[PDB]
Amino acid sequence: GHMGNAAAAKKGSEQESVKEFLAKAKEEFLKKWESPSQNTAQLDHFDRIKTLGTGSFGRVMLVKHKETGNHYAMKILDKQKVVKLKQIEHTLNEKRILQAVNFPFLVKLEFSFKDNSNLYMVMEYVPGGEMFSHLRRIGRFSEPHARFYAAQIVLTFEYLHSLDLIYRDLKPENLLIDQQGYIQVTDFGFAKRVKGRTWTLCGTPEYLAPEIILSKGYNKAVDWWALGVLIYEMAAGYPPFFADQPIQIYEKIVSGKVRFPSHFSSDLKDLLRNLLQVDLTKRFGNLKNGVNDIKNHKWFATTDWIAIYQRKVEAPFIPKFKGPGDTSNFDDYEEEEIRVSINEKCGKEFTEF
Amino acid sequence: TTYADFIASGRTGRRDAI
Ligand SMILES: O=S(=O)(c1cccc2cnccc12)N1CCCNCC1
Ligand SMILES: *[C@@H]1OC[C@@H](O)[C@@H](O)[C@H]1O
């Protein structure tokens, strides 16, 4: 067979230990799910430094905690805007997930609170910026560089799926690089508890699995499809399916055809053909062997999964960091004010936040 | 090239969700 006795015994024991870890992680998650934390700071505890990100989701600001001096990224949401855009459930669910999970590649929520106008999530500051910026700057990542990042996503999805959480928001725009060069996943607005199927149309055109496009009841295998898109884009510098307009992208996705740059290794192409598999009965991550079909694939043969989890692998790239509070890896924005109001807004809808 | 076609698509900056 492909493995001798010693290698097969070692892999079997490793896979059993992952099961043991995940069972304990699930018990810990469910306890925190039932008893969420609440109102653990207030706005005057922080200095506002600079806007890090702005959009329909509200804004994220670099702040400094007055007492301790530590920097954080504070996501601010306007309650009245959340209501207008029909996002109450997604907002409450994102905060509930973040306060309940624990994994080295998932961003940590340190504080949350609200006031008359806004909701606040105070998260660890991840100073390296978005993978998107680095990928467009360098052009494409070499296969070892891409593999280092992909391994972290595989482990993170293995963790989330063991909690019965579907992720659905994977793309380079939504991955941050930390000071040690490792990945941080931050956005949980599309995440959902899904033990069987779910049906919502959500995501980004280039990263949509065919079964979402085709309006099916789908399952957590859409995340493994999206991992295929991510690995492809990291290694090529462009994604496998693109076009002027989303409709043409969807036509390519569902076609069952994908083409590769001539510099992709044969191992990489084989892995991608099994992730970008339109047939769910054949897609890696959705088979009897689960995540092990991915972890044991030849493209990952050099990957030490425990060492990645323990953050003991030297990262291929370390982002420039000229000290704490450095924001050079983020974009520049116009600093709109944080206006509070004398009248509470939307107290009923956000009572559990 | 395929890369040229990518640039020409225009979908080469940050991409919004649907
Ligand atoms: O970079 S963020 O502003 C950001 C969010 C959450 C925590 C963060 C921590 N440090 C820096 C930036 C952070 N960002 C907003 C939405 C776009 N996708 C990536 C996350
Ligand atoms: C890709 O980058 C975004 C935009 O500038 C486009 O024209 C392409 O260059």
Side-chain angles (χ1 to χ4, degrees), chain A residues 46 50-55 57-63 65 70-77 87 90-91 94-95 97-99 101 105-112 119-137 139-140 153 156 167-191 203-204 206-207 226 230 233 236-239 242-245 319 324-333, chain B residues 1-17:
Chain A
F46 305 91
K50 188 173 189 257
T51 300
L52 297 173
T54 211
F57 61 84
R59 42 209 162 111
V60 180
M61 288 227 274
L62 174 67
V63 303
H65 194 273
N70 298 129
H71 290 88
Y72 297 95
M74 180 176 59
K75 186 172 171 180
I76 311 162
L77 296 81
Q87 288 292 83
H90 297 98
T91 300
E94 166 173 81
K95 180 255 182 173
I97 286 170
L98 276 172
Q99 63 84 29
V101 296
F105 315 123
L106 300 177
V107 77
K108 276 159 182 63
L109 178 73
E110 300 268 329
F111 313 99
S112 71
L119 313 163
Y120 307 84
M121 286 199 301
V122 187
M123 293 166 273
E124 230 162 76
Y125 177 47
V126 190
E130 293 179 0
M131 182 191 287
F132 185 89
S133 309
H134 297 287
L135 179 60
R136 291 290 180 270
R137 182 175 308 106
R140 71 186 187 230
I153 301 304
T156 302
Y167 182 64
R168 306 194 285 189
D169 211 3
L170 188 70
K171 55 182 172 182
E173 295 89 322
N174 292 349
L175 301 172
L176 303 184
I177 311 302
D178 69 21
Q179 192 189 342
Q180 293 76 36
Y182 281 74
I183 287 178
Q184 288 280 298
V185 181
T186 50
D187 304 345
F188 282 82
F190 296 158
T204 301
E206 283 82 347
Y207 281 78
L230 183 77
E233 184 170 4
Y238 52 85
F242 60 83
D244 290 352
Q245 296 296 333
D326 187 341
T327 64
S328 47
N329 296 292
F330 294 84
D331 293 320
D332 297 306
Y333 293 86
Chain B
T1 63
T2 301
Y3 179 68
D5 295 345
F6 178 55
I7 297 309
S9 85
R11 292 188 60 88
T12 53
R14 298 179 72 252
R15 292 155 295 198
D16 291 331

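Whatever order the structure lists them in is the order used to number ligands and atoms, beginning at 1. As a basis for the values below, the full set of heavy atoms in this structure was taken, side chains included, without hydrogen atoms, waters or symmetry mates. Per chain, numbering begins at 1; letters A, B, ... match sequence-line order.
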Side chain [X], main chain [Y], donor-acceptor under 3.5 Å:
X      : Y      : result
A/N329 : A/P127 : yes
A/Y125 : A/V63  : no
A/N174 : A/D169 : yes
A/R136 : B/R14  : no

query: In terms of the angle between their ring planes, are B/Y3 and A/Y238 parallel, tilted or perpendicular, with boundaries placed at 30° and 60°?
result: tilted
Practice problem: Indicate the ring-plane relationship of A/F111 and A/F46, choosing parallel, tilted or perpendicular according to the 30° and 60° boundaries. | Solution: perpendicular
For [X], atoms of ligand 1 separated by under 4.0 Å from a heavy atom:
X      : value
A/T186 : 6 (C), 7 (C), 19 (C), 20 (C)
A/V126 : 9 (C), 10 (N), 11 (C)
A/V60  : 3 (O)
A/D187 : 16 (C), 17 (C), 18 (N), 19 (C), 20 (C)
B/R14  : 17 (C)
A/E173 : 18 (N), 19 (C)

On a heavy-atom basis, the closest approach of B/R11 and A/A243 is CD-O, 3.2 Å
Quick note on ligand 2: atoms under 4.0 Å from a heavy atom of B/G13 include exactly 2 (O), 3 (C)
At under 4.0 Å between heavy atoms, what of A/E124 touches ligand 1? The answer is backbone
Filtering A/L175, A/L52, A/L176, A/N329 for the heavy atom nearest atom 4 (C) of ligand 1 leaves A/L176
shortest atom 3 (C) of ligand 2-to-protein heavy-atom contact is with B/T12 OG1, 2.8 Å
- Indicate whether atom 5 (O) of ligand 2 is within a distance of less than 4.0 angstrom of some protein heavy atom. no
Less than 4.0 Å is my threshold; does some heavy atom of [X] fall inside it relative to ligand 1?
X      : result
A/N174 : yes
A/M121 : no
A/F330 : yes

Validation row: A/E130, A/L176 side chains within 4.5 angstrom (heavy atoms): yes
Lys/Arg-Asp/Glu bridge criterion (N-O < 4.0 Å) met for A/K171, A/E206: no
